[PDB]
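Visitor: What follows is a structure written as C-alpha cells; I'll ask about it next.
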Amino acid sequence: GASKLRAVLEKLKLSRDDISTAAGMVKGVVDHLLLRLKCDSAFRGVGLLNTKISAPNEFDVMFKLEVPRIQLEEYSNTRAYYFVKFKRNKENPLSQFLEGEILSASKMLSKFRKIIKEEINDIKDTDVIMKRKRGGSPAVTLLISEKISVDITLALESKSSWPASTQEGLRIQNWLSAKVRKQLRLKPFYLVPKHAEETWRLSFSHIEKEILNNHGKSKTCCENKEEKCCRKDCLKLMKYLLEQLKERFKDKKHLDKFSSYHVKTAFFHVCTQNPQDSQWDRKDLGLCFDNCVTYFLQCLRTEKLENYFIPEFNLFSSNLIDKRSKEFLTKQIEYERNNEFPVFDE
Amino acid sequence: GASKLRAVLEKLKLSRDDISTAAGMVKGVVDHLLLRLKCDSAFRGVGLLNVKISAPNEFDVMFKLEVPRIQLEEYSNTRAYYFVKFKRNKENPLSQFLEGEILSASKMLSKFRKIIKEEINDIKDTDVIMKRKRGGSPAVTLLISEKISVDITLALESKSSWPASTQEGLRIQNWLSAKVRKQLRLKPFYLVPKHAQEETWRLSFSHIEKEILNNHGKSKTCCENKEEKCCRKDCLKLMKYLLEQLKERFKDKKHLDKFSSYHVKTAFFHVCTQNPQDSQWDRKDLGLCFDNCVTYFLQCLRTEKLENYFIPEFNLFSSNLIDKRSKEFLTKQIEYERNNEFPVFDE
Ligand SMILES: Nc1nc(=O)c2ncn([C@@H]3O[C@@H]4COP(=O)(O)O[C@H]5[C@@H](O)[C@H](n6cnc7c(N)ncnc76)O[C@@H]5COP(=O)(O)O[C@@H]3[C@@H]4O)c2[nH]1
Ligand SMILES: Nc1nc(=O)c2ncn([C@@H]3O[C@@H]4COP(=O)(O)O[C@H]5[C@@H](O)[C@H](n6cnc7c(N)ncnc76)O[C@@H]5COP(=O)(O)O[C@@H]3[C@@H]4O)c2[nH]1
Ligand SMILES: [Zn+2]
Ligand SMILES: [Zn+2]
C-alpha cells in the first residue's frame with residue numbers, strides 16, 4: 001500500500017546519477033548559448049532564471065531578459081496573454097521587433113530561434129539538433145546526443161506590479177503566510193512568447209520553484225527529523241503516474257496533451273486545501289498521495305484546472321484539451337485508484 | 001443424569017491443550033496483522049478488543065478503532081443498524097470513506113479486507129487463506145493450516161452514551177447490580193460493518209458479554225473459593241455443545257445451519273436474569289440448572305422469539321432471520337433430546 005509507494009520512490013532514486021550526468025551536459029550547452037547570445041545587441045543582458053527536470057532526460061531552462069518598463073494590454077479577455085509595448089518612446093535595442101508600439105513575440109522568437117540554430121552548427125563538440133515540440137510553445141527545444149532534450153525558453157522580465165488577472169491567484173495565505181504572498185508578489189514576473197502572433201503570456205515558474213522548495217507551513221519543514229513531510233514525494237509520485245500512463249497509451253497517444261505542469265498545478269491546489277504540515281506527515285504517504293489523486297480526478301471530470309496564479313485561466317479548457325482525452329484519462333486514473341495502482345507493480 | 005453431563009464436561013477438558021495451541025497460532029497471526037494495519041493512516045489507532053472461541057476450531061477476534069465523536073442515525077426502524085456520521089464538519093483519515101456526511105461501512109470494510117489479503121500472500125510462514133463466511137458478515141475470515149478459522153472483525157469504537165435502542169437492554173439489575181449496569185453502560189460500544197444497504201453498521205457489545213461471563217455471580221467472589229462454585233459456565237458449555245453436536249448430526253441437509261453459539265449465549269444470559277441468585281446455580285444442581293437453560297431455549301424456538309440481550313426490540317429468532325421451518329425443526333430435536341436424558345451425550 002503505502003509501502004508500495006516507497007518502493008516506487010526507491011526505484012526513482014536509482015536514476016538520480018543518470019539524470020545528473022544528463023544535466024551536466026545540459027549546463028555546458030546552456031552556458032555556451034548564454035555567451036553568444038550576449039554578443040547580440042538585442043540579447044545582451046540576457047541571463048539564466050532560477051539563479052530544470054520535467055521528466056527523466058527532459059530539461060527546462062529559461063532565459064530572462066531585462067527589459068525597460070513595460071506597458072501591458074490584455075489580449076481579448078484571455079487572462080494570461082498580453083500585448084507588449086514600452087512606456088518611454090530614447091529608443092532601445094528591442095525596436096527591431098516593434099510593430100507600431102507592439103513588441104512582436106514571433107519576431108523575437110524567430111531571431112532567438114535563429115541565433116541558437118547558428119550556434120548549434122559550428123559546434124563540433126557534440127550532436128545537437130533543433131526540433132519543434134508543438135505549435136504554440138514559447139520554447140526552443142534541443143536534442144543533445146539524441147537522448148536528452150532541452151526546452152530553452154526566452155523570457156522578458158518585468159519588475160512592475162503583477163497584472164490584475166493575478167489578483168485572486170496565489171492563494172497561499174492559509175498555507176504559507178499572507179506575508180509570504182506579499183513578499184513573492186514583489187518579485188518580477190515574466191512574459192514568454194507563447195501566443196494564443198504578437199502575444200506574450202505570464203510565467204511564474206521562479207515562484208513555482210520557490211513554493212516547492214520552501215513548501216511548509218513551518219519554516220523548518222524538512223530541515224530536521226521531526227518535520228519530514230511528504231509533499232515532494234507526492235508530486236514525484238503524481239508526475240510518475242502520469243508518465244507511466246502516457247507510455248502505456250503509447251499506441252494511440254490518447255494522453256499526449258497532458259503534462260507534468262497540469263500535475264504540478266493540481267498539486268499546488270491540494271497544498272492550498274491541506275495547508276498544515278501535519279497533513280503531509282510521511283507516515284500518511286499513502287493517504288496524502290490519495291488526496292492528490294482524488295483532486296486531479298475532480299479536475300478531469302469537471303474539466304477545470306485553474307492556473308495557480310491566474311484563476312480564470314483554465315488549463316483543462318476544451319480549447320486546450322479535447323473532452324475525449326479528459327474523459328479517457330479519468331477512466332484510467334479512476335481504475336488505477338480503485339485497485340491500489342497496478343501501474344506501480346513489481 | 002448429572003453424571004452424564006459431568007462426563008461431557010470431562011470429555012471437553014481433554015481438548016483443552018489442543019485448542020490452546022491453535023489459539024497460540026491465531027494470536028501470532030493477529031499480532032502480525034495488527035502491526036501492518038498500524039502502518040495505514042486510516043487504521044493506525046487500531047487495537048485488539050478484550051468470545052475468543054465460538055467453536056472447537058473457530059476463533060473470533062475483534063479489532064477496535066478509535067473514532068472521533070460519532071453521530072448516529074438509526075436506519076429504518078431496525079434497532080441495531082445505524083448510519084455513522086461525524087460531528088465535526090479539520091477531519092480525520094476516515095474522510096476517504098465518506099459519502100456526503102455518512103461513513104461508509106462497505107468502503108471501509110473493503111480496504112480492511114484488501115490490506116489483510118496483502119499480508120496473507122507474501123507470508124511464507126504458513127498456508128493462510130482468505131474466505132468470505134456468509135452474506136452480511138462484518139468479518140474477514142482466515143483459514144490457518146487448513147484446519148483453523150479466525151473471524152477478524154473491524155469495530156469502530158464510540159465512547160459516547162449507548163443509543164436509545166439499548167435503554168431497556170442489559171437487564172442485569174437483580175443479578176449483577178443496578179450499579180454494575182451503570183458502570184458497564186459507561187464503557188464504550190462498538191459498530192461493525194455488518195450491513196442491513198452497504199453503508200450501515202450495527203452495534204456490538206461483545207466486550208460486555210465477556211465481562212458478565214467472567215464476572216457472573218451475584219456474589220463478587222463467585223467461583224473464587226471452594227464454597228462458591230456455581231455451574232453457570234458449565235451450563236453455557238453444555239448448551240453450546242448441544243447445538244454443535246446436533247448441527248453435526250444433521251450434516252446432511254444442513255437444517256440447523258442458521259443457528260449459532262451466539263443464540264445459545266444470548267439465551268443463557270436471559271436465563272441468568274431469570275435466575276439471579278448463585279444458589280439457583282449450585283454445582284450440585286447441575287442437571288436441574290442445565291434443564292432451565294434447555295427449556296428456555298425451547299420456549300424461544302417455540303415462541304420464535306429470542307431478543308438481543310442489549311437490544312430487546314431486536315429479535316434474533318424472527319422469521320426475517322431464521323425461517324419458521326428451521327425453528328420448528330430444532331424444537332423437535334431438542335424436545336426429543338430433553339425428553340430422553342440427552343442421547344447425544346451418550347458414550
Ligand atoms: N518548456 C515550456 N515552458 C512553457 O512555459 C510552456 N508553455 C507551453 N509550453 C508547451 O508549448 C505547447 C503549447 O501548449 P500551451 O501553451 O497551449 O498549454 C500549456 C501551458 O498553457 C501550460 N504551461 C506549461 N508550462 C507553463 C508555465 N511555465 N506557466 C504557465 N503555464 C504553463 O500548460 C499547458 C501544457 O503544457 P505542456 O504540455 O507541458 O507543453 C506546452 C505545449 O507543448 C511550454 N513549454
Ligand atoms: N465474527 C462475527 N461477529 C459478528 O458480530 C457477526 N454478526 C454476524 N456475523 C455473521 O455474519 C452472518 C450474518 O448473520 P446475521 O447478522 O444475519 O445474524 C447473526 C447475528 O444477528 C447474531 N450475531 C452473531 N455475532 C454477533 C455479535 N458479536 N453481536 C450481535 N449479534 C451477533 O447472531 C446471528 C448468527 O450469527 P452467526 O451465524 O454466528 O454469524 C453471522 C452470519 O454468518 C458475525 N460474525
Ligand atoms: Zn516539508
Ligand atoms: Zn460462579
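Chain identifiers are assigned as A, B, and so on, following the order in which chains appear in the C-alpha cells; residues are numbered from 1 within each chain, and ligands are numbered from 1 in order of appearance.
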Write as a PyMOL selection string the residues around ligand 2, taking 7 Å as the cut-off and counting only C-alpha atoms and all ligand atoms.
Guide: chain B and resi 60+133-139+151-153+192+194+203-206+258-263+316+321
Visitor: Name each residue within 6 Å of ligand 4, counting only C-alpha atoms and all ligand atoms, as a PDB file with C-alpha atoms, in the first residue's frame.
Guide:
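The new file result-v8.pdb reads:
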```pdb
ATOM      1  CA  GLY B 217     -22.163 -14.191  40.156  1.00  0.00           C
ATOM      2  CA  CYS B 222     -18.429 -16.366  42.901  1.00  0.00           C
ATOM      3  CA  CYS B 223     -16.022 -19.159  41.853  1.00  0.00           C
ATOM      4  CA  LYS B 229     -18.533 -22.962  42.836  1.00  0.00           C
ATOM      5  CA  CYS B 230     -21.521 -22.294  40.593  1.00  0.00           C
TER       6      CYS B 230
END
```
Visitor: Just list the residues in region 66-315 of chain B DSSP gives strand (DSSP E) on the backbone, as JSON, numbers by chain.
Guide: {"B": [66, 70, 71, 72, 73, 74, 81, 82, 83, 84, 85, 86, 98, 99, 102, 103, 128, 129, 130, 131, 139, 140, 141, 142, 143, 144, 148, 149, 150, 151, 152, 153, 154, 155, 156, 157, 158, 189, 190, 191, 192, 200, 201, 202, 203, 204]}
Visitor: Convert the current residue selection to file output with N, CA and C atoms, as a compact mmCIF listing (two decimals), in the first residue's frame.
Guide:
```txt
# COMPACT_ATOMS: atom_id res chain seq x y z
N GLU B 66 -10.43 3.54 17.36
CA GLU B 66 -10.87 4.77 17.97
C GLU B 66 -11.28 5.80 16.94
N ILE B 70 -18.99 10.51 17.40
CA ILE B 70 -19.83 9.92 16.37
C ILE B 70 -21.30 10.30 16.46
N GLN B 71 -21.83 10.77 15.35
CA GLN B 71 -23.26 10.95 15.22
C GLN B 71 -23.90 9.71 14.64
N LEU B 72 -24.90 9.19 15.34
CA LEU B 72 -25.66 8.07 14.83
C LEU B 72 -27.06 8.45 14.32
N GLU B 73 -27.44 7.88 13.18
CA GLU B 73 -28.84 7.89 12.78
C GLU B 73 -29.37 6.48 12.51
N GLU B 74 -30.38 6.08 13.26
CA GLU B 74 -30.95 4.74 13.16
C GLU B 74 -31.57 4.46 11.78
N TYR B 81 -29.09 -1.40 13.50
CA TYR B 81 -28.27 -0.87 12.41
C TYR B 81 -28.38 0.64 12.35
N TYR B 82 -27.27 1.27 11.99
CA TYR B 82 -27.14 2.71 12.11
C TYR B 82 -26.28 3.27 11.00
N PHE B 83 -26.56 4.51 10.63
CA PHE B 83 -25.64 5.28 9.81
C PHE B 83 -24.64 5.96 10.72
N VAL B 84 -23.43 6.11 10.22
CA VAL B 84 -22.39 6.73 11.01
C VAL B 84 -21.92 8.02 10.33
N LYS B 85 -22.02 9.12 11.05
CA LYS B 85 -21.51 10.38 10.55
C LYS B 85 -20.78 11.09 11.66
N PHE B 86 -20.00 12.09 11.26
CA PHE B 86 -19.15 12.81 12.18
C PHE B 86 -19.80 14.11 12.66
N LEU B 98 -15.90 8.52 3.38
CA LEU B 98 -17.13 9.28 3.46
C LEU B 98 -17.93 9.22 2.14
N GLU B 99 -19.24 9.37 2.26
CA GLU B 99 -20.10 9.70 1.13
C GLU B 99 -21.11 10.75 1.61
N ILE B 102 -21.95 10.72 5.53
CA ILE B 102 -22.05 9.34 6.03
C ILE B 102 -20.77 8.53 5.91
N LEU B 103 -20.39 7.84 6.98
CA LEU B 103 -19.24 6.95 6.92
C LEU B 103 -19.67 5.60 6.37
N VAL B 128 -1.98 -19.60 4.88
CA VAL B 128 -3.15 -18.91 5.38
C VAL B 128 -3.99 -18.42 4.22
N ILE B 129 -5.30 -18.61 4.28
CA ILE B 129 -6.11 -18.11 3.19
C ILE B 129 -7.34 -17.34 3.62
N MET B 130 -7.74 -16.47 2.72
CA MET B 130 -8.90 -15.62 2.85
C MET B 130 -10.11 -16.46 2.51
N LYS B 131 -11.25 -16.16 3.14
CA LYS B 131 -12.52 -16.74 2.73
C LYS B 131 -13.65 -15.81 3.17
N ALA B 139 -17.13 -9.67 9.09
CA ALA B 139 -15.85 -10.29 9.33
C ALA B 139 -15.08 -10.68 8.07
N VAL B 140 -13.77 -10.58 8.17
CA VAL B 140 -12.84 -11.16 7.21
C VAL B 140 -12.36 -12.46 7.85
N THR B 141 -12.66 -13.61 7.25
CA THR B 141 -12.29 -14.86 7.92
C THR B 141 -11.04 -15.46 7.27
N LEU B 142 -10.15 -15.98 8.10
CA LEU B 142 -8.91 -16.60 7.65
C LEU B 142 -8.93 -18.09 7.92
N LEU B 143 -8.20 -18.86 7.10
CA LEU B 143 -8.02 -20.29 7.34
C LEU B 143 -6.54 -20.57 7.57
N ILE B 144 -6.20 -21.03 8.76
CA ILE B 144 -4.82 -21.33 9.10
C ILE B 144 -4.53 -22.83 9.03
N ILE B 148 -7.79 -24.42 11.08
CA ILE B 148 -8.22 -23.37 11.99
C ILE B 148 -8.77 -22.13 11.28
N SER B 149 -9.93 -21.63 11.73
CA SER B 149 -10.51 -20.41 11.16
C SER B 149 -10.60 -19.29 12.18
N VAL B 150 -10.31 -18.07 11.73
CA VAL B 150 -10.35 -16.90 12.60
C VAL B 150 -11.25 -15.81 12.03
N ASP B 151 -12.26 -15.41 12.79
CA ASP B 151 -13.06 -14.26 12.40
C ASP B 151 -12.40 -12.98 12.88
N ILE B 152 -11.93 -12.17 11.94
CA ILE B 152 -11.38 -10.87 12.29
C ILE B 152 -12.34 -9.76 11.88
N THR B 153 -12.92 -9.12 12.88
CA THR B 153 -13.95 -8.11 12.70
C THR B 153 -13.48 -6.70 13.05
N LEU B 154 -13.64 -5.78 12.11
CA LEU B 154 -13.32 -4.39 12.38
C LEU B 154 -14.47 -3.81 13.20
N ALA B 155 -14.13 -2.95 14.15
CA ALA B 155 -15.12 -2.36 15.03
C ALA B 155 -14.74 -0.95 15.39
N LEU B 156 -15.60 -0.01 15.01
CA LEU B 156 -15.45 1.38 15.39
C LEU B 156 -15.74 1.48 16.86
N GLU B 157 -14.98 2.28 17.58
CA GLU B 157 -15.28 2.49 18.98
C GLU B 157 -15.90 3.86 19.28
N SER B 158 -17.00 3.86 20.00
CA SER B 158 -17.61 5.12 20.39
C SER B 158 -17.65 5.26 21.92
N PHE B 189 -19.20 1.49 23.28
CA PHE B 189 -19.89 0.48 22.48
C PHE B 189 -19.28 0.45 21.09
N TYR B 190 -19.62 -0.56 20.30
CA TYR B 190 -18.94 -0.74 19.02
C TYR B 190 -19.88 -0.84 17.82
N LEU B 191 -19.33 -0.55 16.65
CA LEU B 191 -20.07 -0.62 15.41
C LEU B 191 -19.27 -1.46 14.45
N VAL B 192 -19.94 -2.46 13.92
CA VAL B 192 -19.31 -3.38 12.99
C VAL B 192 -19.98 -3.23 11.64
N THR B 200 -24.32 0.88 6.28
CA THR B 200 -24.76 0.75 7.65
C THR B 200 -23.77 -0.07 8.46
N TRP B 201 -23.82 0.17 9.76
CA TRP B 201 -23.03 -0.54 10.73
C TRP B 201 -24.02 -1.03 11.75
N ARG B 202 -23.73 -2.13 12.45
CA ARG B 202 -24.58 -2.43 13.59
C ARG B 202 -23.80 -2.55 14.90
N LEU B 203 -24.53 -2.38 15.99
CA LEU B 203 -23.97 -2.28 17.32
C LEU B 203 -23.35 -3.59 17.74
N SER B 204 -22.33 -3.49 18.59
CA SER B 204 -21.71 -4.67 19.17
C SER B 204 -21.34 -4.47 20.64
```
Visitor: Define the interface residues of chain B facing chain A as those within 9 Å, counting only C-alpha atoms, and report them as a compact mmCIF listing (two decimals) with N, CA, C and O atoms, in the first residue's frame.
Guide:
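New file out-v2.txt:
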```
# COMPACT_ATOMS: atom_id res chain seq x y z
N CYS B 39 0.44 0.70 10.07
CA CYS B 39 1.17 1.46 9.05
C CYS B 39 0.22 2.20 8.11
O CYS B 39 0.63 3.17 7.46
N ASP B 40 -1.04 1.77 8.03
CA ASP B 40 -2.04 2.51 7.26
C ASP B 40 -2.60 3.67 8.07
O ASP B 40 -2.93 3.52 9.24
N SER B 41 -2.76 4.81 7.40
CA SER B 41 -3.23 6.04 8.02
C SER B 41 -4.62 5.95 8.64
O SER B 41 -4.87 6.52 9.70
N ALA B 42 -5.52 5.25 7.96
CA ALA B 42 -6.89 5.12 8.43
C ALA B 42 -7.00 4.15 9.61
O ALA B 42 -7.88 4.30 10.48
N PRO B 93 -8.51 10.63 9.14
CA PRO B 93 -8.26 9.85 7.92
C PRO B 93 -9.39 8.94 7.47
O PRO B 93 -9.23 8.25 6.46
N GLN B 96 -11.62 9.56 3.67
CA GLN B 96 -11.61 8.90 2.37
C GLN B 96 -12.74 7.85 2.22
O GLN B 96 -12.94 7.30 1.14
N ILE B 115 -6.22 -4.87 2.74
CA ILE B 115 -4.96 -4.77 3.48
C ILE B 115 -4.56 -6.14 4.03
O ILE B 115 -3.39 -6.52 3.99
N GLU B 118 -3.30 -8.62 1.37
CA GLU B 118 -1.92 -8.32 1.00
C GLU B 118 -0.90 -8.95 1.95
O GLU B 118 0.11 -9.48 1.49
```
Visitor: Dump the neighbourhood of ligand 1 as a list in words: all residues within 7 Å, distances computed on only C-alpha atoms and all ligand atoms.
Guide: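 Checked against 7 Å with only C-alpha atoms and all ligand atoms; the hits are residues 60, 133, 134, 135, 136, 137, 138, 139, 151, 152, 153, 192, 194, 202, 203, 204, 205, 257, 258, 259, 260, 261, 262, 315 and 320 of chain A.
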Visitor: Dump the neighbourhood of ligand 3 as an mmCIF file with N, CA, C and O atoms, in the first residue's frame: all residues within 10 Å, distances computed on only C-alpha atoms and all ligand atoms.
Guide:
```cif
data_model
loop_
_atom_site.group_PDB
_atom_site.id
_atom_site.type_symbol
_atom_site.label_atom_id
_atom_site.label_comp_id
_atom_site.auth_asym_id
_atom_site.auth_seq_id
_atom_site.Cartn_x
_atom_site.Cartn_y
_atom_site.Cartn_z
ATOM 1 N N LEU A 212 7.827 25.393 -4.008
ATOM 2 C CA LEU A 212 8.131 23.967 -3.992
ATOM 3 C C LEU A 212 9.248 23.659 -3.004
ATOM 4 O O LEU A 212 9.170 22.705 -2.248
ATOM 5 N N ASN A 213 10.286 24.481 -3.040
ATOM 6 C CA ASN A 213 11.455 24.342 -2.177
ATOM 7 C C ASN A 213 11.197 24.773 -0.763
ATOM 8 O O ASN A 213 11.751 24.205 0.180
ATOM 9 N N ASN A 214 10.402 25.822 -0.628
ATOM 10 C CA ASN A 214 10.049 26.362 0.677
ATOM 11 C C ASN A 214 8.555 26.197 0.929
ATOM 12 O O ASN A 214 7.798 27.186 0.910
ATOM 13 N N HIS A 215 8.165 24.951 1.218
ATOM 14 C CA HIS A 215 6.798 24.454 0.996
ATOM 15 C C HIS A 215 5.922 24.241 2.212
ATOM 16 O O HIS A 215 4.764 23.824 2.082
ATOM 17 N N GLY A 216 6.489 24.422 3.398
ATOM 18 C CA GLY A 216 5.756 24.097 4.599
ATOM 19 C C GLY A 216 5.027 25.247 5.245
ATOM 20 O O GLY A 216 5.327 26.418 4.992
ATOM 21 N N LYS A 217 4.083 24.914 6.115
ATOM 22 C CA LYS A 217 3.549 25.932 6.992
ATOM 23 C C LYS A 217 4.673 26.346 7.917
ATOM 24 O O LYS A 217 4.935 27.529 8.083
ATOM 25 N N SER A 218 5.365 25.349 8.474
ATOM 26 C CA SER A 218 6.548 25.583 9.296
ATOM 27 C C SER A 218 7.752 25.955 8.503
ATOM 28 O O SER A 218 8.096 25.283 7.526
ATOM 29 N N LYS A 219 8.437 26.981 8.970
ATOM 30 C CA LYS A 219 9.589 27.464 8.263
ATOM 31 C C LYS A 219 10.665 26.397 8.217
ATOM 32 O O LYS A 219 11.522 26.415 7.336
ATOM 33 N N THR A 220 10.657 25.497 9.194
ATOM 34 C CA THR A 220 11.673 24.463 9.241
ATOM 35 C C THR A 220 11.170 23.119 8.730
ATOM 36 O O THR A 220 11.778 22.091 9.042
ATOM 37 N N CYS A 221 10.118 23.112 7.910
ATOM 38 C CA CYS A 221 9.614 21.851 7.349
ATOM 39 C C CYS A 221 10.761 21.176 6.601
ATOM 40 O O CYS A 221 11.485 21.835 5.859
ATOM 41 N N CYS A 222 10.984 19.893 6.889
ATOM 42 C CA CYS A 222 12.037 19.108 6.234
ATOM 43 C C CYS A 222 13.461 19.592 6.512
ATOM 44 O O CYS A 222 14.374 19.283 5.743
ATOM 45 N N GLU A 223 13.660 20.337 7.599
ATOM 46 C CA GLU A 223 15.011 20.728 7.989
ATOM 47 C C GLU A 223 15.512 19.909 9.189
ATOM 48 O O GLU A 223 16.650 20.027 9.584
ATOM 49 N N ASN A 224 14.647 19.087 9.763
ATOM 50 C CA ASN A 224 15.009 18.215 10.859
ATOM 51 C C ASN A 224 14.185 16.948 10.814
ATOM 52 O O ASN A 224 13.201 16.879 10.079
ATOM 53 N N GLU A 227 10.344 17.008 11.380
ATOM 54 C CA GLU A 227 9.454 17.647 10.416
ATOM 55 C C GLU A 227 9.661 17.177 8.973
ATOM 56 O O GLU A 227 9.872 17.999 8.070
ATOM 57 N N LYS A 228 9.586 15.868 8.747
ATOM 58 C CA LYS A 228 9.711 15.314 7.396
ATOM 59 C C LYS A 228 8.311 15.081 6.862
ATOM 60 O O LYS A 228 7.599 14.158 7.298
ATOM 61 N N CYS A 229 7.916 15.948 5.935
ATOM 62 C CA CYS A 229 6.607 15.872 5.318
ATOM 63 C C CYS A 229 6.724 15.146 3.981
ATOM 64 O O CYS A 229 7.824 14.878 3.527
ATOM 65 N N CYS A 230 5.613 14.787 3.356
ATOM 66 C CA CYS A 230 5.713 14.043 2.100
ATOM 67 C C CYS A 230 5.197 14.827 0.873
ATOM 68 O O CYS A 230 4.611 14.230 -0.022
ATOM 69 N N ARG A 231 5.338 16.153 0.852
ATOM 70 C CA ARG A 231 4.802 16.929 -0.274
ATOM 71 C C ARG A 231 5.597 16.640 -1.537
ATOM 72 O O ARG A 231 5.031 16.321 -2.583
ATOM 73 N N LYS A 232 6.910 16.726 -1.443
ATOM 74 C CA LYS A 232 7.711 16.497 -2.626
ATOM 75 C C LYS A 232 7.549 15.074 -3.145
ATOM 76 O O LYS A 232 7.474 14.867 -4.358
ATOM 77 N N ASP A 233 7.501 14.102 -2.243
ATOM 78 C CA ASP A 233 7.320 12.717 -2.660
ATOM 79 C C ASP A 233 5.998 12.602 -3.370
ATOM 80 O O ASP A 233 5.892 11.882 -4.360
ATOM 81 N N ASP A 277 1.259 21.236 7.869
ATOM 82 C CA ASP A 277 2.323 20.265 7.696
ATOM 83 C C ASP A 277 1.938 18.934 8.301
ATOM 84 O O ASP A 277 2.378 17.885 7.842
ATOM 85 N N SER A 278 1.089 18.976 9.317
ATOM 86 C CA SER A 278 0.618 17.749 9.931
ATOM 87 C C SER A 278 -0.242 16.959 8.948
ATOM 88 O O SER A 278 -0.509 15.791 9.184
ATOM 89 N N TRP A 280 0.681 16.312 5.934
ATOM 90 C CA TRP A 280 1.597 15.764 4.951
ATOM 91 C C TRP A 280 2.672 14.973 5.663
ATOM 92 O O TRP A 280 3.809 14.895 5.198
ATOM 93 N N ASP A 281 2.303 14.403 6.805
ATOM 94 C CA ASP A 281 3.223 13.579 7.560
ATOM 95 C C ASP A 281 3.612 12.391 6.671
ATOM 96 O O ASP A 281 2.764 11.789 6.025
ATOM 97 N N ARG A 282 4.893 12.048 6.647
ATOM 98 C CA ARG A 282 5.362 10.980 5.775
ATOM 99 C C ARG A 282 4.755 9.610 6.135
ATOM 100 O O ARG A 282 4.720 8.708 5.301
#
```
Visitor: With distances taken over only C-alpha atoms, which of B:315, B:1, B:111, B:244 is nearest to residue 338 (chain B)?
Guide: B:1
Visitor: Which of these, A:322, A:127, A:157, A:226, has the shortest distance to residue 143 (chain A) once you count only C-alpha atoms?
Guide: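 Residue with the minimum atom-to-atom distance to residue 143 (chain A): A:127.
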Visitor: Using only C-alpha atoms, determine which residues lie at most 9 Å from residue 188 (chain A), disregarding the query and same-chain residues fewer than 6 positions distant; provide the list as number ranges by chain.
Guide: A: 157-162, 204
Visitor: Do you have the CA of residue 65 (chain B)-CA of residue 125 (chain B) distance handy?
Guide: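 These two atoms are separated by 27.2 Å.
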Visitor: Can you tell me how far CA of residue 253 (chain A) sits from CA of residue 324 (chain A), in Å to one decimal?
Guide: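 Computing it gives 12.4 Å between the two atoms.
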Visitor: With distances taken over only C-alpha atoms, which residue among B:2, B:14, B:330, B:94 lies nearest residue 68 (chain B)?
Guide: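 Among the listed residues, B:94 lies closest to residue 68 (chain B).
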Visitor: Within region 144-327 of chain B, find each residue whose DSSP state, derived from the backbone, is helix (DSSP H, G or I), and express the selection as a PyMOL selection string.
Guide: chain B and resi 164-166+178-184+206-214+232-249+261-274+278-281+283-303+324-327
